[PDB]
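The chain that follows stands alone, in the form deposited in one PDB entry, written as structure tokens.
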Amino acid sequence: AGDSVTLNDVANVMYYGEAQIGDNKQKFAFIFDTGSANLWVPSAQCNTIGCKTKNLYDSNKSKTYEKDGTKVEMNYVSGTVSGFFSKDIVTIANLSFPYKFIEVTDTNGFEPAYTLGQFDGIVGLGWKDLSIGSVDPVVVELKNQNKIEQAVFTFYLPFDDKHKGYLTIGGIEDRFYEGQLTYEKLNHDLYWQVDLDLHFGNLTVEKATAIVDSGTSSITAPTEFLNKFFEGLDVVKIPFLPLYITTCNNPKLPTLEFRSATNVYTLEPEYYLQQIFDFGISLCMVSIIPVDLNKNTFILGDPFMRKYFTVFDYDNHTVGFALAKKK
């Protein structure tokens, strides 16, 4: 079946698509993040520098807005936003549903990541307990009022700007993938964390939790593991920055291997590399960066999701994977 917000892609490094808010259907661009669980927009109320270029929600000219007013920090690792809670009717796709969200009023905690973004707010797409305010996930809310067949959603991401990407709600559309799905059951309903013995060419790590995260531009690994990784594969790290450079055909670059009970998952380097220079010799950025999180915890972010169509299934506690169609 399925209902689909098409997602525009900027420098392969973030994705955004429209959604509406209020019964006067005020428009907004959002990052759909399977690694966070709240929704927010700039508030008509906000007076910080960053807000001033964005589309500002007016709680006023929506007739279906209801007041709440409880104040909230929202602390991503990328920065902080702050506002208060409101209730209104959010439309995603053209599915409509009441929701609790944040009218953000302070953003200085999140700029320039925000002053230089082309998105008004974020839409959380993880699980209920990653939420600030125990708010049900929007796909879940939709199910809970017969708006959707199944409380499942999918990500299809592509390979640059006027190539179009697609978040689909409540249906698993064949148009996106090839082969069959392979599923992995989650190990907490928090992030879409599943459970994996990872193998990066030379070192492996036993049963790691892998976060599948639409929100991250990059693949991440804990920092011990990475230094352990890059040594000897002629990758030069620009100094003082999470930034790794190598020749595009550096033939010492291992295919990454994600392996589970059911299945095997792989990432050729053509997937975790960015072309940066291409003039007889081609130079590349390696799209893997240090990040320390609870367990052995790796985020497969955007590079992984480019190879793999992904089905997130609230009903079963699973994420499915198939090869994404190139066309």
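Here, rigid core means the biggest group of C-alpha atoms that superpose within 1.5 Å across both forms. Just count from 1 along the sequence shown to find any residue number.
The same protein also has a form deposited in another entry, omitted here; what follows describes it.
- Fit the rigid core and compare the CA positions between this form and the one not shown: of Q150, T209, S217, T80, just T80 moves by 2 angstroms or more.
- Relative to the superposed core, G133 undergoes a Cα shift of 2 Å or more between this form and the one not shown.
- After superposition on the rigid core, the Cα of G171 moves by less than 2 Å between this form and the one not shown.
- Fitting the two forms on the rigid core leaves the C-alpha of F101 displaced by under 2 angstroms between this form and the one not shown.
- One change in the other entry concerns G109 and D292, whose Cα atoms lie at least 3 Å closer than in this form.
- Cα of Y271 to Cα of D160: at least 3 Å shorter in the other entry than in the shown structure.
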